[PDB]
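In what follows, a single structure is set out as structure tokens and then discussed.
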Amino acid sequence: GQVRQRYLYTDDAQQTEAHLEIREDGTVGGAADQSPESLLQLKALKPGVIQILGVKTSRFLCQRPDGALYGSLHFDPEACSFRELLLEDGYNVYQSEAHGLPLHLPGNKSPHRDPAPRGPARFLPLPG
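Numbering of the sequence shown is given in the deposited numbering, commencing with residue 14 and proceeding in unit increments.
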């Protein structure tokens, strides 16, 4: 079970049903329904650290220092690695261990202001 295939879906989408989707252009965001690009290969690097590679785009989902998500052709553990936080409540979350940057979908910066504080999006992986 070194690597598993699962779809990333969060309860935040409850307001607007959507699943994490990776664009071929390397961009990221939600989708109307479960799209092929929503399928991410969950790979385990080191105990507590994992990697995610989209099957459709064959791009490695990595977060930039700014905290934005984007697919990349090359592998970078400093940004393509995340710490898995498993809650007894049955919720799973991902965060970058490099700088402690939280994982979140892009476009969330709709407000004019940009507060430093930011809560991570709870994700519920679904069987691939």
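For each residue, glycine too, the CB sits at the ideal point set by N, CA and C.
Residue i classed as buried or exposed, judged by whether at least 16 other C-beta atoms fall within 10 angstroms
i: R72; result: buried
i: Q64; result: buried
i: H32; result: buried
i: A92; result: buried
i: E34; result: buried
Alpha carbon of residue i to alpha carbon of residue j, nearest angstrom
i: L82; j: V106; result: 15 angstroms
i: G84; j: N121; result: 18 angstroms
Proximal residues to residue i (C-beta, below 8 angstroms), its chain only, five neighbours per side dropped
i: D127; result: none
Cut-off 7 angstroms between Cβ atoms - residues of its own chain near residue i, not counting five sequence neighbours on either side
i: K69; result: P49, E50 and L52
i: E37; result: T70
Helix, strand or coil at residue i according to DSSP, with G and I counted as helix
i: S51; result: helix
i: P78; result: coil
i: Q28; result: coil
i: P90; result: helix
i: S123; result: coil
i: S85; result: strand
Presumed contact (8 angstroms Cβ cut-off) between residue i and residue j, rounded CB distance
i: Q47; j: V16; result: Actually they do not touch by this definition, with Cβ atoms about 20 angstroms apart.
i: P115; j: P140; result: Not confirmed; about 25 angstroms, so no contact.
i: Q76; j: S109; result: 5 angstroms
i: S94; j: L58; result: 6 angstroms
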